[PDB]
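Asker: So I've got this experimental structure, pasted below with the sequence.
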Amino acid sequence: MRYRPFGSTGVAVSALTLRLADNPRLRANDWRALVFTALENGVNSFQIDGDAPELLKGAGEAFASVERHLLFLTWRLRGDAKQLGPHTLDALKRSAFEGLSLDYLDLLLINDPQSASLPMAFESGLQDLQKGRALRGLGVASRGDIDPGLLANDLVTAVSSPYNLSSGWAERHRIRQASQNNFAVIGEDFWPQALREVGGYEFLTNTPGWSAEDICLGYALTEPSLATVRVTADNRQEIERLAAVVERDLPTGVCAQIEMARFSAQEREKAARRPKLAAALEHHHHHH
Ligand SMILES: Nc1nc2c(ncn2[C@@H]2O[C@H](COP(=O)(O)OP(=O)(O)O)[C@@H](OP(=O)(O)OP(=O)(O)O)[C@H]2O)c(=O)[nH]1
């Protein structure tokens, strides 16, 4: 495992962040041993993206067993960002703080309200946790441009964003600016939908020694703008195979094909417009 500085917060996170997403097929001991495999493989950044009794139980017991200051725990708070109020912090106390048995969260990661401002009730409560030494940072996950006003907020110490193989220099630049303005950037969807099925993406499955989950995670990890790539793991063999990818070097053949293929793709993604004015062909013409 490799570790990167979380932007300016002064704490180190593993290059991978394992996301515990509610899953009806894992009992508490299953979640416990998941988190254990993660720690044993050097992963110290978790994201809790669920509130199931069995998950908080097992994740809480595992987190509980190592020293709290080795761990970076992100709580993923979904729903419309502009509906968050007192109720949300009642939910947060019971799920994040009692449920996992933490005294502080390293980060709370909300949806983008596409808005200069959060709700009054919520923002107040967050500064209350803040002073209570009980929430290190706020974070805003977003697909477009977070509002410069919201980024100005002093609670806001991080963003998360889809960055992957497919991403545009469009998408990329934003993640880079964020990094320069001292925001920590969390990488998401590293293996995309488009590819779950001149250049073309055949090399993704033909590369001797590499899988596509693996090649794709490969690329995500080469972006310095990203403080950590988010991964998600049904199980133990997966966490093992992805923590391995961090120590491997993408073969420079694959890196070149990753870029031809990307051009190729977004070329035909712009043969799909089709503006038909059967004009511009022979006919005297204009008065100038
Ligand atoms: N990175 C990331 N961002 C998230 C996630 N969930 C919500 N967001 C952010 O919140 C904005 C609005 O999301 P919500 O309205 O809460 O729910 P939605 O994600 O289903 O739209 C999103 O813009 P948008 O939804 O892309 O635009 P629009 O077409 O909804 O206007 C996106 O920037 C997530 O899992 N990851």
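Answerer: Thanks, I have it. Residues are numbered from 1 along each chain as shown.
Asker: and the closest residue to residue 160 other than its chain neighbours, what does it touch?
Answerer: In this structure, residue 160 finds its nearest non-sequential neighbour in residue 186, 3.6 Å apart by CB to CB, 6 or more residues apart in numbering. Every residue, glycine included, has its C-beta placed from N, CA and C. Contacts here follow CB atoms under 8 Å, 6 or more residues apart in numbering; on that basis residue 186 touches 17, 47, 74, 109, 139, 141, 158-161, 226-228, 230.
Asker: residues in the protein within reach of the ligand, list them.
Answerer: Within reach of the ligand by CB under 6 Å from any ligand atom, the chain has these residues: 80, 111-112, 141-144, 160-162, 188.
Asker: Where neighbours are concerned, which of these has the most?
Answerer: For those, neighbours were counted by other CB atoms under 10 Å; the highest total belongs to residue 160, with 27 neighbours.
Asker: List the buried residues of the biggest helix by length in the chain.
Answerer: As assigned by DSSP state H, the longest helix anywhere in the chain is helix 252-268. If you call a residue buried by 16 or more other CB atoms under 10 Å, then helix 252-268 has these buried ones: 254, 257-258, 261-262, 265.
Asker: which residues touch the closest residue to residue 61 other than its chain neighbours?
Answerer: Closest residue to residue 61 apart from its sequence neighbours, by CB to CB, 6+ apart: residue 32 at 5.1 Å. With contact set as CB under 8 Å, 6+ apart, residue 32 has these partners: 58-59, 61-62.
Asker: what is residue 18 paired to in the beta sheet?
Answerer: residue 46, residue 231 (DSSP bridges).
Asker: Going forward, the N-terminal residue is numbered 707.
Answerer: With 707 as the first residue, the last one maps to residue 724.
Asker: Please enumerate the helices of the stretch 707-856 of the chain.
Answerer: 734-746, 759-771, 792-798, 805-806, 826-837, 854-858 (DSSP state H, counting those that start in this stretch).
Asker: what residues does the shortest one touch?
Answerer: Put plainly, it is helix 805-806. The contact list for helix 805-806 (CB under 8 Å, 6+ apart) reads 754, 757, 762-763, 765-766, 769, 779.
Asker: Find out how far it is from the centre of the chain, if you would.
Answerer: 22 Å (CA atoms, centre = their mean, to the nearest Å).
Asker: For the stretch 857-994 of the chain, which segments count as helices?
Answerer: 875-886, 909-912, 918-926, 942-951, 958-974.
Asker: Would you tell me which of those helices gets closest to residue 857?
Answerer: helix 875-886 (8.0 Å; CB to CB).
Asker: Show me which residues of the closest one are buried.
Answerer: So for helix 875-886, counting by 16+ other CB under 10 Å, buried means 880-881, 884-885.
Asker: Let me have the buried residues of helix 958-974 in TSV, adding distance to residue 804 as columns.
Answerer: Shown next, in TSV, are those (distance: CB to CB, whole Å):
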residue	distance to residue 804
960	46
963	50
964	45
967	48
968	46
971	47
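Asker: Going by distance to residue 928, which of those wins?
Answerer: Closest to residue 928, out of all of these and judged by CB to CB, is residue 964, at 9.4 Å.
Asker: Could you measure from the closest one over to residue 976?
Answerer: Using CB to CB, to the nearest Å, residue 964 is found at 19 Å from residue 976.
Asker: cool, residue 731 as well?
Answerer: Per CB to CB, residue 731 is found 42 Å from residue 976.
Asker: Can you tell me the number of residues neighbouring the closest residue to residue 747 other than its chain neighbours?
Answerer: Once flanking residues are discounted, residue 747 sits nearest to residue 949: 3.8 Å by CB to CB, 6+ apart. Look at residue 949: counted by other CB under 10 Å, it has 24 neighbours.
Asker: residues in contact with residue 949?
Answerer: Residue 949 sits next to 707, 722, 747-749 when contact means CB under 8 Å, 6+ apart.
Asker: Make TSV from these and add neighbour count to it.
Answerer: Putting the contacts of residue 949 into TSV (neighbours: other CB atoms under 10 Å) gives the following:
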residue	neighbour count
707	14
722	29
747	19
748	15
749	25
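Asker: So which of those residues belong to strands?
Answerer: Those of those mapping onto strands are residue 722, per DSSP state E.
Asker: what's the closest of the contacts of residue 949 to residue 857?
Answerer: residue 722 (25.5 Å).
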